[PDB]
Every structure is written in structure tokens, then in C-alpha cells.
């Protein structure tokens, strides 16, 4: 496959070229805004990489890659509204810069624009793309609802948590890879194998996000360190920490304090104290083990793909780099 940097450069050129709606501005200005917040564009690049590895061009896969990115950004726009997020990537969220009604309607327009980007494909690929895309989009809705339901549950199991993050953050990784495979004309059995890789990669990636939310390096315009702790989100780190009967009661008591009932200094003490319980309980290590375990499962999936050994080496290195390890 081409280098990430080469694919990203082509991708950002083709994005500007294929997303051109401008009028009415009240609808489309926020689409250009959210697509211009930058970053790694991991999801669309999985589509291009999959395509190349299986014999097609980036150029062939490009409209589908752009659908994936438009879709993902549609989810961020509605999610920022539902989560009352003020900033995304150091910039105002769409509903803050404009208004909530703009966020609702523009996000709706982006989901539809994503579907439209499939229309240049032949009838057979068009059908296959729409089918895995729609199943994935509806799964992402279910994952969102599960995550909301967990907010008022005091009894969430690790299996239920892994099912939720699979639907909410991993199926679209699978889907992005599967779409490149569809464009290359690969069969269903092969499509499912690359999909499965995407599931294990996506689960490792999200478990890593759970870990770094608590233990990650602070960035002022980056993700707040200890946001999950402050908001009492029951992530893999917390769920594993409370399996230890020594820490469980005083972890549950920290997770009973709302941040609106607390001063800055109380919130910071809660983050330092809960971080220490995460280490001492074995929860932090159990989280690093689960990330390691999903990454290995993803590497074994790569070994079984019908792609050239170069392609497996590139994918194996990309997977290790994504998980902050070295090649």
C-alpha cells in the first residue's frame, strides 16, 4: 500500500473536490467546518489501504472512503450536541458556533451526503456498500443508546461494556475495511475476515482510549485527563478495578460524587485518588492486558488475510503504530 502520508494527501485533495455543496450556507457551512478540523483520518484511510491490498486503486475506493469520513463526522456532530461538548480538536463544536438546530439538521444532511457518495459504484458494489454501511450505522446508534443506558445502571458487566464499545466504536472500523474489500471485488468470506481484523483493532484502540483518558499525557486543547473519572463513566479501567474487593467500596463511593457537587480541587483529588486505585487494584494492568490481547488477535487476523506478505507487514506495523508500540 502507499504510505499513510501519501494516502492522506490524496484523500484531502479528493475530499475538497467531492464535497462541494455550498448553498444554503446555513446547512452546508458547518459541513465544511467539521471536515476541516484535521487529525489522522484513520477511518477513510483503512478503506483506501483495504482497496490497494486487494488489488484496486485508492482512486477507485475514494468516494466510499469519503462516505466513511462524512458518516463518522455526522456521528461526532450529533454526539457533541448530546454530550454538550463545547470544543472539538481545539475549536468550537458546531452547535456552539451556530446552534443546536443547525447541529441536528446539518448532521442529518451529512448522513444523506454519505449515502450519495456510493452512487458512482456499479449496481453490485453499490448494493453491497449500502448494506454493510446501513447495518454499521444502525449498530453505531445501538452502541450510543447502550452507553446512555449504562449511565443509570449500577450493574454493568465487562461483556456488556465490550459489546457496547464494539457497536459504538469498532463496527465502523470493520466496515471501513470491508468497503475497500468490496470495491476490490473480494468475496463475502474474505470481506468478513478483514471486517473481523477491524473489530479486534477497533476494540484495542477503544480500550487504549479508556486507558489514556486516566493515564494519558495532558494536552490543554486535547482530551481532558480524567474526564471519564470526573463524569463517572464506567469504562474498562473502572469495571476491572472494582473486581478487587479491597478497592471496590471506596471506588464506588468516589463514582457516586457528581462533579457539579464538587470544587476544582475536589475533582483533581478524585482523579489522583481514583488513578491510584486503578493501579493498586490491578485494573490498570488488566486494561493494558486486554489492549495487548486484542492487538494480538488483530495481528493473527492479518496473518490469515488473502494479501501479499508486504501488505501484511505494512498492516502489522500500522496496527502496532496505532496502539503506540514500535515496528
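Positions refer to the first chain, counted from 1.
Per the record, averaged over C-alpha atoms, which has the higher B-factor: 213-221 or 71-79? Looking at the record's C-alpha B-factors, the answer is 213-221.
If you take the mean CA temperature factor per stretch, which one wins between 100-108 and 248-256? Mean B over CA atoms: larger for 248-256.
Taking the values straight from the PDB record, which of 154, 139, 231, 149 has the highest C-alpha temperature factor? Each of 154, 139, 231, 149 was compared by C-alpha B-factor; the highest is 154.
Residue 55 CA temperature factor, ranked by third within the chain: CA B-factor rank for residue 55: middle third.
When the deposited Cα B-factors of this chain's modelled residues are ordered and cut into thirds, is residue 277 in the lowest, the middle or the highest one? Within its chain, residue 277 is a highest-third residue by C-alpha B-factor, going by the deposited values.
Select lowest, middle or highest to describe the third in which the CA B-factor of residue 226 falls within its chain in this entry. Top third by C-alpha B-factor.
Looking at the entry's B-factor column for C-alpha atoms only, identify whether residue 290 ranks in the lowest, middle or highest third of its chain. Answer is highest: the recorded C-alpha B-factor places it there.
Within this chain's modelled residues, let me know which third the CA B factor of residue 242 belongs to: lowest, middle or highest. Highest third - that is where residue 242 ends up once the chain's C-alpha B-factors are sorted.
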